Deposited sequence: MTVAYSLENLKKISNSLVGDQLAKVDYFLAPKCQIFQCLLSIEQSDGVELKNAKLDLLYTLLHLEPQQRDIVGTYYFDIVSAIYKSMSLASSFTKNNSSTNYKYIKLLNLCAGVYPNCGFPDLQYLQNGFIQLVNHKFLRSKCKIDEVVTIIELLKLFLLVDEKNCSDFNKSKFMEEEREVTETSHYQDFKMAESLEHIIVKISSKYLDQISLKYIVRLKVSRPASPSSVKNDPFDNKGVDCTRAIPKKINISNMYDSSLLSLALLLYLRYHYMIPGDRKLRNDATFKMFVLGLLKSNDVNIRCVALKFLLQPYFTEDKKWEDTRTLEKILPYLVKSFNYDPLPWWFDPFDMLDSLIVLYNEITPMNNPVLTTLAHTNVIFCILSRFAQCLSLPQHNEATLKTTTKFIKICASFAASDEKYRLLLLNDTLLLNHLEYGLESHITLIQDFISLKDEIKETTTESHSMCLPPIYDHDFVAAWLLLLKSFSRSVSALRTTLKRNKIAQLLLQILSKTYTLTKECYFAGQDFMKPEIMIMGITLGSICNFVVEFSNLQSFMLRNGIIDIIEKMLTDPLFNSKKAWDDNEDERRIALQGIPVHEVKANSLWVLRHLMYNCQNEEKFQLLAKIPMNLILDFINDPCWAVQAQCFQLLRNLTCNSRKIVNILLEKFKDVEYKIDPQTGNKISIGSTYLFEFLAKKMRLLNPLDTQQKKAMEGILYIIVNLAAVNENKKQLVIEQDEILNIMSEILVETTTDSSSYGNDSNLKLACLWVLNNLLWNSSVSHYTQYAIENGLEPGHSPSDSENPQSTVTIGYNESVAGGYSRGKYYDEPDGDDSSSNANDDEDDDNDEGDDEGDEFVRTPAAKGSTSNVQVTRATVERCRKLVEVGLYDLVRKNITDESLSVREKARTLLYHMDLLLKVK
């Protein structure tokens, strides 16, 4: 508990002795921690090093010994985070003191990652100054080199709390929020990392060698569509390898946020350097090369149509599955699944990754591994996670290919496991709701709103994604997925998750986010069974899906236009952070599908249960998906009905002004906003096709005709707004056709359409590039010519 010599004696005694280490955590010997945790200036370099060494040795326990020790271990860890001040004097400490301190910090961050660490900025400034003064100028020591390596590891461990935008693409890489006071230091950090990378990697560039043939010498670098990558580049220096790997990973984190030209990622020699690094002997180097080469596909535009680079990188990504010690920051499952989803969602009907994997026998191996994982006799957490990953990747296979849908459904034992998973989750939820009061009473005193999530959530989410992928085909919906058990399980999951949200909000936000996500996915999978020409629509309607949708849509949690009661302030505070937009979008999706190609009897039943004000509560929702689904639901509702059109007119008349403002302000380059625009135009069609009164009312408005003219004047060269879109052109032509079709006011309307200048546009569209627009325009012109006599 004193006496540097005695400190070293205790260290020598303790090295490797878990029993003795545990013995120093009990009543009489705890006094040593009051001396270890108090390191102040002017103690002495040797004494500080001895204290840090002894403290690191003492804290180096296994989990089955931390269980014996208890919460005193974590009190000591928190004391190290809080009541120590070696980070404030990082620039004045000694090198060995800094190294030992950072090593202890890595141990603490590994054993207790939730405790808040308050001195990250001091460490970042120390790293920046150390790199800028010592490392780059070559006047550095072994202690400083190992210190900067440990600092790079510590910086890589940070969770980093990136931003959340609900309107961004769901399959691109998420980036981190940045302010100005942090922006200056971020720029400095990125500059330091880039300088380290350049300095270390500029010693091996002369090792790049490639011989190739161009079909129509050196010092030209003409064309690189070869599929052959340069010879291997090997870094013999181990410290250089560690620095290059860690610095390049952190630079990946930092480099798309720094403005500039002639970036390192867009270089011509560095890309070949990394391609050669793909063949290295060091697994860290290989994985970092994979990350660096695959990032642009998710963080860049138009990069996805560069399939030659993918075709030359894929063999090594497939090889990376087989190496035993993999780093913690590399998951080949996630990388492969991300690529497959990228191509599934940008260009369907053509998946380069799937064709490359299918021609070279890899998909069959993956499916064999999936079956073997499902068939194991004993499972644990590792096997459950591996099975979850396999289910996700198989869902990504089957998402957009009937070939793989039928191939996976030819197993006859897969739906059994799907139903087993759903049943197990339902059982867990029922038990939790039954024990709610006792669980609250027991865990309310310290675990107020911090409770772990149910362990089965990832498994059941993967099963629900797979089902959502299967249910996308009519052959499956009518032959093999025609089981009432699946519909029962989906409805039960919806009901149970909503009840859990209503009653068990005391469990916090970690417990409830997976339940909200499961609710979203199960709605997304129900909205396929609900569509017409599917045998389970009657089952879903008999078993009350509209009632569940109504409960979910009148809730103040999902519907912001509703006010919280006075008993629900606790719920308001507890659940305020969770984002719920997928749930709303999919609820409106289901309603839209229920209203497809139905009669006014069904329409009036749904409007009796869910009124029209409730549907209009979402018309101005900040999320684009909710707006799009509301507009498409309005289209399906107004389709072939005069009563509902009158109701919608009564709810507003400035309806045409509202639609004109929406049409002018929406951005046609967004998929959801373009869907909303199509919905608006076809609402106009369905409104015009009702009566002579409605035809007159639509022709009176001038903004509508201005928008129609602006859409119809677009051509191949003039494509600034609306993108010269055949769907919008056909919608406008349909509006005009309904205005002219069905006999005195019709001729006046024709004359008005001629004077406004739409006759010229219809005659101009006869020479279009799309046959549908050409034929519709010529028929409309013929009818106008007939009525113009």
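Several segments of the deposited sequence have no coordinates for C-alpha: 1 to 3, 220 to 233, 670 to 688, 779 to 872, 920 to 921, numbered from the first residue.
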